[PDB]
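Worksheet: the structure to be examined is printed underneath.
10 protein chains.
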Amino acid sequence: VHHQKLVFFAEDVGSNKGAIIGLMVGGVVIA
Amino acid sequence: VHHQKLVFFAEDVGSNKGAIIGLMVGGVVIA
Amino acid sequence: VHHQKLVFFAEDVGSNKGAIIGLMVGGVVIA
Amino acid sequence: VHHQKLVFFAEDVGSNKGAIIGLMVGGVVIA
Amino acid sequence: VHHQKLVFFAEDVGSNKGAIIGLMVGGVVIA
Amino acid sequence: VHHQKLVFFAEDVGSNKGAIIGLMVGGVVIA
Amino acid sequence: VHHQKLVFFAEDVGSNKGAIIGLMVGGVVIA
Amino acid sequence: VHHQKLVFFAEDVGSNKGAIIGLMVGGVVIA
Amino acid sequence: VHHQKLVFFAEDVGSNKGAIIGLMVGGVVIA
Amino acid sequence: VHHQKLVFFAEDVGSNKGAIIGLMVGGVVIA
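Protein chains in written order, with full-length UniProt numbering: chain A, 683 to 713; chain B, 683 to 713; chain C, 683 to 713; chain D, 683 to 713; chain E, 683 to 713; chain F, 683 to 713; chain G, 683 to 713; chain H, 683 to 713; chain I, 683 to 713; chain J, 683 to 713.
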């Protein structure tokens, strides 16, 4: 198994007010 | 198995107010 | 198996208020 | 098996308020 | 097997309030 | 003239993704 | 003239992603 | 003229991601 | 003219990520 | 003219990540 660059942002992000997650194992993610 | 660039944003993102997830194993994702 | 660029955004995204997921294994995704 | 560019957005997206999923294995996706 | 560009949006999308899925294996998708 | 309780929701609403308006005077309401 | 309780929600609302307006005078309301 | 309680939420609101307006005079409200 | 309690929240609000406006005179409100 | 309690929160608010405005005269409010 080989994980790499799960989430990619090639350009600029103005702001983040939610949840940015690459990899999770449980649950209960609420926006 | 070979994971790579699961989520790609080639250009700029104004803002994030929800959930951005590359890979998950459980559940219960609520926007 | 070879996963790559599951979700692609060639241009700019104004905002995100829901759920953006590349790959999931469980369920219970609610918008 | 070779997955690539499951969901493609060639141009800009105004906003997202639902669910954008490239690949899923379970169910219970509610808009 | 070779999957590629399952869902294509050549032009801009105003907004998304439902479910956009490239490939699914289970069911129970509710708009 | 006596306006009261133009729109009533006796029970819980799961979500709103359209337009809920009690009273309007102009037009151009688009769902 | 006597306006009161134009929009009523007797129970809990899960979320709002559209437009909730009690009274408007112009137009151009887009969901 | 007597305005009062134009928009009423008797119970708890989970979240707001749209527009909640009591009274407006212009237009151009976009969800 | 007598304005009072244009927007009422009788119970707790989980979070706000949109726009909550009591009264407006112009326009161009975007969720 | 008599303005009072344009926006009312009877109970606790978990958090605010958008815009809470009592009264406005211009426009260009973006969530």
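Each residue gets a CB set at the ideal place from its N, CA and C atoms; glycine is no exception.
By the 10 Å Cβ neighbour count, where 16 or more other Cβ atoms means buried, how is residue i classified, buried or exposed?
{"i": "residue 689 (chain B)", "result": "buried"}
{"i": "residue 703 (chain F)", "result": "buried"}
{"i": "residue 699 (chain F)", "result": "buried"}
{"i": "residue 684 (chain J)", "result": "exposed"}
{"i": "residue 710 (chain F)", "result": "exposed"}
{"i": "residue 697 (chain G)", "result": "buried"}
{"i": "residue 687 (chain F)", "result": "exposed"}
{"i": "residue 694 (chain J)", "result": "exposed"}
{"i": "residue 713 (chain I)", "result": "buried"}
{"i": "residue 708 (chain H)", "result": "buried"}
{"i": "residue 701 (chain B)", "result": "buried"}
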